[PDB]
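Protein chains in written order, with the authors' numbering: chain C, 1244 to 1340; chain D, 15 to 54, 56 to 97, 99 to 1047, 1056 to 1376; chain E, 2 to 75.
Report on the following structure.
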Amino acid sequence: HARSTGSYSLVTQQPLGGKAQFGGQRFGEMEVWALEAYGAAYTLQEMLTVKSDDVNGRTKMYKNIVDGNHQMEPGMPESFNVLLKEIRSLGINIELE
Amino acid sequence: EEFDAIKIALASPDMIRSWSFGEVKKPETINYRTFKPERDXXXXXXXXXXXXXXXXXXXXXXXXXXXXXXXXXXXXXXXXXXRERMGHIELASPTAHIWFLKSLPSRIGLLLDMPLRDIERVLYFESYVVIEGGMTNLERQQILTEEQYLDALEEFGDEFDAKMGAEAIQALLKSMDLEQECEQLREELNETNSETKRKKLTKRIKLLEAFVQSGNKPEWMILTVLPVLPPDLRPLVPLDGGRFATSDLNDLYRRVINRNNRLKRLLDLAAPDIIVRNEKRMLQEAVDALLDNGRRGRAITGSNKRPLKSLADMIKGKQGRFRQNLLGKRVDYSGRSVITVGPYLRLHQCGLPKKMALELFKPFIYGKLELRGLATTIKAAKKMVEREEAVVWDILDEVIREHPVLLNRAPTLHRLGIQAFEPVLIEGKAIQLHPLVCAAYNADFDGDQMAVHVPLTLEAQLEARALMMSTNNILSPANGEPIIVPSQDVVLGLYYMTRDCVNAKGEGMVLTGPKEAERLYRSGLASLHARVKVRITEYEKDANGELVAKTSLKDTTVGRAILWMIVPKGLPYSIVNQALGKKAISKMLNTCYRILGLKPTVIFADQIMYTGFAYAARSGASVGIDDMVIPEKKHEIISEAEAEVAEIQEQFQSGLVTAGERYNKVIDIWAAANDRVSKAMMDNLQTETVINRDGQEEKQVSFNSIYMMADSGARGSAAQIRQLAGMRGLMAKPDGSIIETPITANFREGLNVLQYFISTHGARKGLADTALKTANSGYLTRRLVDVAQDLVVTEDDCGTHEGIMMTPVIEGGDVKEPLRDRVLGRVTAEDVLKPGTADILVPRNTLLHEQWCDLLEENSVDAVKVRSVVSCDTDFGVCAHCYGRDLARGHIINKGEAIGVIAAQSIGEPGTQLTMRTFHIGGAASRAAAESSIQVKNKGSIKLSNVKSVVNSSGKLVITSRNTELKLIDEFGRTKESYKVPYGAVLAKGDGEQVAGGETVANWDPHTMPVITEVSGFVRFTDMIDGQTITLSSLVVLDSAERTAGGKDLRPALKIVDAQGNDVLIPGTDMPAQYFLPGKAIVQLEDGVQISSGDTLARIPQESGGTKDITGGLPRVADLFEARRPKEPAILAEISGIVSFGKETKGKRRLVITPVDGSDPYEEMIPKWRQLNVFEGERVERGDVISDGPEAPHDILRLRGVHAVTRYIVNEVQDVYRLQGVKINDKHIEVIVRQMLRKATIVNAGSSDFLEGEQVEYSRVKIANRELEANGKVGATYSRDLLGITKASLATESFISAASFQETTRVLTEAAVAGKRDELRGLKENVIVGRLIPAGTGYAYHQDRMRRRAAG
Amino acid sequence: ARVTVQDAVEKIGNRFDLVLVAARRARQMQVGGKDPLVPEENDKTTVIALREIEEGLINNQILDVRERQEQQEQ
């Protein structure tokens, strides 16, 4: 099943997975260490961020498809904001300066 | 103006009140059925101007204005939105005290000087501890009971400060004085020092200094208001699809809702002791019980969801936060296809199909119709795509050709798993993939899935175009040789291509160059014919920048003439360029790739494949009943072996042979007989197959497909074929021993039912093992890759003088690997080959041409000093020039590369992915060359290095010392074979003689130590204590560990005596005749027994020292990667001086140390487990092992040294994986050792960091700025102990990283107090925070952009 | 099509930033405002940028001087 963009979840803004006619399947930690293995900072860094944890990467990306600006926003991960979030629910709450 | 990392901080009422500013306002929006929320704002119709309860007209009386507005329906005025900022509400104001003390160390416990359990009890309890005051003589932390607080308050009266509940905990946390505690404990512990003081006192001093200089106030540990998240940021993943059920979140919601609301209204309402006590205890258990302890009295026990234990399900889903972040997400743009194999097109290209096409290319199709202008509006282009017009296919092809696609298999291991290809459309639902690349992916056609992703624009497409291409990356940074698998029909096809035949047709041919077209394609000329005079042109590249042609007549077969047309460039021209059509084709592929690794070396090299499957398909090899050959000697061998075993069981029936020796013997006869059936099988595999031509007496080479696969190497093996025809072998999964009922039936013959039973048994065991190795290998990659993350690799060359001495392994009968491969491609400090004549200079790089020239010419010196990655003078990162030059691309690597980190982490994956045979192979085989009979490799003089030659009266030679060396030196002086000579080996010629290939100097039985003596006479037990040390009757001498501590100083020894009583010394030796007996040995002959010359006394049933045999493949891989020190150490000599052993030990560790004389001595005792290697009558230098066995990681790091550590690790790993069949270069393994030896402990004082270890780079900066400063005595040495190296991920200086690789709760609790900022120096931390990795391609933007950090 | 980047590596060996250089040239020709200097095999502006790097007249200094020249002339 081939898929490009589709439904997401309210948890971490990651899509559910296969069989939903959405999602990119999955590239796990073995693929994270495969991009760290090939030495590509781009594919990994924008991988974990732009596609799911960043709405700015998708909006700016699709906007750059027009005229082909080709730039992808690095963004601030919303899944990292789920980690910062959960930690904020924890009794030790961390806030950025 | 870009932000940097984050700020680790606590929960403060000012920042959290800034997160709220509205206290807790309303449900917001919901409850449509209710029709109204809490409804208190300013409006044009407010009916409450100038006051709280007044009308604008001044008539608020009767029925006007007041609470009633212009609209008395629904829709409240309170909302507070949903997502922009994290809100805050009351949420258990008085106390939190949750994630402090949650970790094993109690942080509030150390700041308040109070124990954990007592904190857990005193919370929600009465407290009452007094706080400061000037009128009270009690301590600031002095705790009182209830009645003591009544008498203290009614007694002291004013100035007495204490509070009702958690406040006295709040009030101690507020009243703790960090400066007064820091200087008070500093001057107190500095004035009075003790071993128990340094612990829990000195570290408390530096720790309180960390609190003072941290900047965060301990008062912020508690929260007055708790920030609450918006649902989107809050979101919890339900197990059941989103249900809350009975969980303690709901229990603490029901109790904390009413207890917290009634506690807020009670505290604000000044409730009495009843409501404030019930609400203070209920709310105290609401905030405190959710933090820790509590009773899981939720709903009914069992048959209910209970996802609350430590309340860690929020921070850690399963193993951590990985599922949410720092691990693999669902990505985007994936076909999720299944592999098919295109033979055709290019090595890098994709048989991307039309169906997978245009589905993910929709944006490029819309932009294509836009820029080209075939459409009008975006919606019109969407119509053109949804209608599936034929015009879209043309421009679609215009996009697809140069728009690459990256490909990976889901179980990804190494860096080449993802590769970029140039897609072309093929009709179908699958993807045709290059089979030579399929072996690189390891993927199989059994139907394993495929992940297909689409790269995004510049960095992705072009980065994978200039980097990740399959032809751009050939060399594998694991084995070091270019990884290409032209196996299967390429090996079989080139085998059938290059070969000869007697007679047949065509004889010789005068035509030379174009003989394949006319001769092959016309008629009368077979694909291969012997004795052909066709000449072959040659090209010589020895000229500078120019090729020198040549030609001559060579005898070569027509098929070889076909293969020569593949590569027009210079070759050996059918000598090495043809051979038999075997793996030597991959060898000539390597030699062809040795020159100009770009270029028509790269391109058209696939013509080997095109002709391989082309003329392999033309050959059309087949397997059938006639293909296999059954030897007729099988009946005679099985019958003879059955008769011999029949005689064995007859002797067992008579009682002459024991069951064990009979069983192992029968095993030996069936094993050797199976070997005979295999050899006769092979004999009938070559010489039995004949071809009838003319007289047919001469026959010809065999055309059998089984022999083409076995000799060629396309697939199969002599063992699998041995199962096809000969005997199958024997194994038992439950028993682990060879079964006594062999399989006598070939696969062609009908197998017996029990034979199939045992075969499917052992086969099921093999499936279980091979299925088990995948998860263990994956976990090994988890640990190793978690350690490897630390490589920045920034500086180029720092010019370090430290380098490893390079010597060959030279172990066993034959050398395992040559020194040229180890010294090849490594920086060389000096590295003088030959007897120091000239060789290399100081500032010269070692390439393949220079290293091959020094290796081929003047090879008498196999030892050369070469710089290594482990030794680098660079403070941060690694030096590429010092580490080496190599990659998947060409040589001369640059900075920012992971190098041995990820290349080694992925290198260890294939080695542990599959065990070798039963895995006992990688383990201790217990049988070695020098262990049984010492053998020599090359003919030459065999000498003993680091030994004292002791001649005996019988004419033999023995080593006086314990650890010795036995090497074979040729006439040139190069070391052929060198093995450690242990004490007790009796050799025919000690020194001065020579030895040939396969010569055995000494022979010792590994099962029983001979302990050969010198002078004949009666045996006498020396230093043998009965009933304490030592215990047909035969004595037993065990190790000193089981011996009594009083008599453990002396060691047992066998001393021979003469008839007159006088001792006769050995000839040429000062010591008399005797033999040192180690632990666990058994002495057969007792006292009062006459013995002749060279009589046995005791034997070691087990090694005892480092006892335990071999752990196994998995245990030695996870133990070596685990880096932990050995179980039982031995001894070491730290400094040079007079070495002696004397006096004794009474009720303490045996064998006190007479040595250490000279520079200030210290008495050194020990349990005395292993035998002492050092001599007591000679002075020992520094770095000499005083006992045999393992030297441990700590004592080997601070004693043996970095070089010896690299020798041990590299030798062991390369031996295990060498027997496995995978040859790994020294570079990446020495990078693993580099990351293992970092974070060495530091003893330095005066730099602060007192008595505690720090990072090695911190010692380079502290000592660098120390010697740079006018005071150079502040710097000191450091201990090289590597700890366990498995906590190095926890020792990373970065904060955010490793938190997911470890327990999130524990990392958050421990580091959150230390308050160190991540700074985004960690690479994985950069992956989590979103900023690009300062390595690889982004190292330029991170170096130039991060170079402004000094400006601010 | 370009056989191997190792030829441009022989021109100027880096391989770390060649992604950014060739992505900058292919960015100028891909976004528009630049014309191919190499006869086309039908390969797109990216491979035309690879052959442009292989030509030797495009490098870091050429992108800096040409970029500042277009910024000053624009």
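All C-beta atoms in this analysis are idealised placements derived from N, C-alpha and C, irrespective of residue type, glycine included.
Item	Value
Interface residues of chain C facing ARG28/E [CB-CB closer than 7 Å]	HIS1313
The segment 1315-1326 of chain D touching the segment 1295-1304 of chain D, judged by at least three CB pairs closer than 8 Å	no
Length at least 4, wholly inside the segment 28-61 of chain E: the alpha helix (DSSP H) runs in chain order	46-56
Endpoints, alpha helix (DSSP H) assigned at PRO926/D	916-928
In DSSP terms, what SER1164/D is bridged to	Looking at the DSSP assignment, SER1164/D forms no beta bridge with any residue, so it has no partner.
Contact check, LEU973/D vs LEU1003/D, beta carbons under 8 Å	yes
CB contact flag (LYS1328/C, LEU249/D, <8 Å)	yes
Coarse secondary structure for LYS566/D, derived from DSSP in three states	strand
Which of helix, strand or coil DSSP assigns to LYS955/D	coil
Burial state of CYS869/D (16 or more Cβ within 10 Å)	exposed
Every unbroken alpha helix (DSSP H) inside the segment 1277-1354 of chain D [4 residues or more]	1280-1292, 1328-1338 and 1347-1353
Residue of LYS50/D, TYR382/D, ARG278/D and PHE338/D minimising C-alpha distance to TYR1305/C	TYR382/D
Distance between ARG352/D and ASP462/D (C-alpha atoms, nearest Å)	16 Å
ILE1248/D burial status per 10 Å Cβ neighbour count (16 or more: buried)	buried
Spatial distance of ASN266/D from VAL803/D (CA atoms)	40 Å
Residues near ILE1253/D by beta carbon distance below 7 Å, same chain, minus five either side	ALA920, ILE1233, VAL1234 and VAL1237
Neighbourhood of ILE909/D by C-beta, 6 Å cutoff - its chain only, sequence neighbours within 5 removed	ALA896, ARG901 and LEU903
CB contact below 8 Å: residue 1055/D versus chain C	Position 1047 is followed directly by 1056 in chain D, which means residue 1055/D is not present among the coordinates.
Backbone secondary structure at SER728/D - three-state DSSP	helix
Contact set between the segment 44-59 of chain E and chain D, restricted to residues whose Cβ is under 7 Å from the partner	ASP44, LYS45, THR47 and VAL48
CB contact below 8 Å: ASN910/D versus chain E	yes
C-beta atoms of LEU1196/D and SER1211/D nearer than 8 Å	yes
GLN1098/D - containing alpha helix (DSSP H), residue span	That residue, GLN1098/D, is in no alpha helix (DSSP H); its beta strand (DSSP E) goes 1098-1100.
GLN594/D vs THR528/D beta-carbon contact at 8 Å	no
Cβ-based burial, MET1189/D [other Cβ within 10 Å; buried from 16]	exposed
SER994/D - DSSP class collapsed to helix/strand/coil	strand
The segment 1135-1150 of chain D / the segment 1079-1096 of chain D touching (three or more Cβ pairs under 8 Å)	no
Where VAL32/E meets chain C, residues with beta-carbon distance less than 8 Å	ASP1310, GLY1311, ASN1312 and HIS1313
Straight-line Cα distance separating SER1322/C from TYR1363/D	25 Å
CB contact check: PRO616/D to chain C, cutoff 8 Å	no
Own chain residues within Cβ distance below 8 Å of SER568/D, not counting five before or after	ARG551, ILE552 and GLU554
Of the listed residues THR428/D, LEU361/D, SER543/D and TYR144/D, nearest to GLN465/D (C-alpha basis)	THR428/D
Cut-off 8 Å between Cβ atoms - residues of its own chain near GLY125/D, not counting five sequence neighbours on either side	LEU117, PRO131, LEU132 and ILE135
Simplified DSSP assignment, three categories, for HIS936/D	coil
Under 9 Å by beta carbon: chain D residues contacting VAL6/E	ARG481, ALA482, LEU483, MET485, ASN488, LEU614 and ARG905
Cβ shell of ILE1352/D (< 8 Å), same chain only, five flanking positions each side left out	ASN341, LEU342, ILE1320, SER1321 and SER1324
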